[PDB]
Amino acid sequence: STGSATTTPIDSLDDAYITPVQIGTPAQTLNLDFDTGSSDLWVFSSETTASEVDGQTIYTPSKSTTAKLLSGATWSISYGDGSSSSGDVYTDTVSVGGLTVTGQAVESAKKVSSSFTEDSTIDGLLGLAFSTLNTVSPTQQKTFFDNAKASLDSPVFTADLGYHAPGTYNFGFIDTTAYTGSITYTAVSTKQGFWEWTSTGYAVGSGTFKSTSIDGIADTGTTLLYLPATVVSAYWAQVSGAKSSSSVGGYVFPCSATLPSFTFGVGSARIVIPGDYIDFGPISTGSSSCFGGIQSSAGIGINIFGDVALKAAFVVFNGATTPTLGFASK
């Protein structure tokens with residue numbers, strides 16, 4: 001089997017991407033944030049505290065003839081941005097782009113934090129990291145990909161995120177028309193439950209490539225590119241007027257600037273992030289200070305190849321017995 005679904009930016013900045021997902025019988029279509037940095041499939045639901053729902057589409061398990069309460073199971077998750085959600089669990093039929101999993105754990109939110117309530121465009125998350133990170137207790141549950149893998153033509157999914165444009169998540173096949181050149185594959189460590197890999201270095205603009213190992217995670221659920229302070233300082237030093245602002249929470253730059261590109265290494269290959277992808281717009285409406293798309297990881301504990309980096313590439317998440325990641329230009 002295979003599946004193919006279009007993913008669409010939620011706003012003009014590409015802050016996140018939503019992908020339609022069919023849950024239950026008859027289908028209830030929710031727009032979920034596919035997140036390769038987490039491993040829970042959770043949704044706004046008929047059980048979510050009413051004051052915490054503000055425009056999202058909800059899953060109502062009582063209207064699904066295939067929903068079954070997973071007795072005793074609860075979940076609770078906290079994300080790197082400080083947001084969180086929790087609730088109980090059903091199993092139900094879940095389909096993505098024509099690919100169907102029966103018995104998928106669908107985690108029904110009883111509570112969500114303010115940032116989820118405030119984002120009416122995201123109806124939940126679909127985790128695509130390794131199932132060892134799944135938060136369901138007392139019986140940990142498998143991700144959609146883990147459940148689908150055996151049925152897939154090939155045990156892979158791919159992320160092809162657009163810049164200010166829709167893109168595609170494919171399951172079970174590699175669309176050889178979706179990228180240029182060849183795909184360069186690189187080793188993955190699953191020891192932290194992430195798609196964790198080591199970039200071979202970076203360049204700023206037309207500058208020379210610096211060979212240096214940068215361990216980080218391929219995370220479709222994170223907007224920006226978080227890298228070591230040395231690397232980020234070298235980037236922003238090439239932008240007149242750019243500075244790190246403690247009050248804003250990161251590097252800002254004059255909105256009048258033209259940003260340089262940023263290149264990261266994948267083995268001997270190179271992925272170029274155009275400068276425009278690094279512009280996240282005014283810090284507040286009407287400001288001439290703009291927020292940078294490359295930020296320090298120093299306070300995170302891990303480097304994060306988020307959407308800013310991933311949308312510059314066609315990315316293969318290879319879930320073979322020994323997982324690997326593949327990157328191609330496009």
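Cut-offs used in this document
- Residues numbered from 1 in each chain as written, not as in the entry; some residues may be left out.
- Heavy atoms only, no water.
- Residues with missing side-chain atoms left out of burial classes, pairs and counts.
- Buried < 20%, exposed > 50% of the residue type's maximum accessible area, 1.4 Å probe, protein only.
- Helix = DSSP H or I, 4+ residues; strand = E, 2+ residues; numbered from the N terminus.
- Pairing = 2+ DSSP bridges.
- Arc of directions from axis to C-beta.
- Axes fitted to C-alpha atoms, helices over the stretch in contact; angles between N-to-C directions.
- Contact = heavy atoms within 4.5 Å.
- Domains from an automatic or database assignment.
- Nonpolar A, V, L, I, M, F, W, Y, C, P; charged D, E, K, R; others polar.

- This entry, as listed in the PDB, derives from X-ray crystallography and reports a resolution of 1.30 Å.

### Considering the pairing of strand β23 (residues 314-318)
- For β23, a buried count of five out of five residues is recorded, marking the element as mostly surrounded by other parts of the structure.
- In this structure, strand β9 (residues 156-160) lies alongside β23, joined through four bridges in antiparallel fashion. Of the residues in β23, the one forming a bridge with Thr 158 is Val 316.
- In terms of strand pairing, β23 meets strand β24 (residues 324-328) through five bridges, oriented antiparallel.

### As for helix α3 (residues 229-236)
- Buried within α3 are the following residues: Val 231, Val 232, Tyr 235 and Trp 236. Looking down the long axis of α3, one finds its buried residues gathered within 125 degrees of arc, a one-sided arrangement.

### Observations concerning the sheet that holds strand β16 (residues 250-254)
- In space, the four strands of this open sheet follow the order β15-β16-β20-β19, with antiparallel pairing throughout. The open sheet has two edge strands, β15 (243-245) and β19 (279-282), and neither has a second partner. Strand-to-strand twist in this sheet, taken as the mean axis angle between neighbours without regard to direction, amounts to 40 degrees.
- Of the pairings in the sheet, the one linking β16 to strand β20 (residues 289-292) comprises three bridges and is antiparallel in character. Paired with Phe 253 across the two strands is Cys 290, which belongs to β20.

### Here's the deal with the side chain of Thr 19
- Mapped onto the elements of the fold, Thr 19 is located in strand β2 (residues 17-23).
- Aside from chain neighbours lying at most four places away, what touches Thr 19 is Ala 5, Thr 6, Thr 7, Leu 30, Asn 31, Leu 32, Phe 34 and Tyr 169.

### Brief notes about the domain arrangement of the chain
- Examined at the domain level, the chain breaks down into domain 1 (5-174) and domain 2 (175-330).
- The distance between the C-alpha centroids of domain 1 and domain 2 comes to 25 Å.
- The partner domain 2 presents 33 residues to the 30 residues of domain 1 that form the contact.
- Residue assignment for the side of domain 1 that touches domain 2 shows that the elements contributing at least two residues are β3 (28-35), β9 and β10 (167-171).
- Looking at which element gives the most residues to the side of domain 1 that touches domain 2, the answer is β9, with five residues.
- The class makeup of the residues in the side of domain 1 that touches domain 2 is 18 nonpolar, six polar and six charged.

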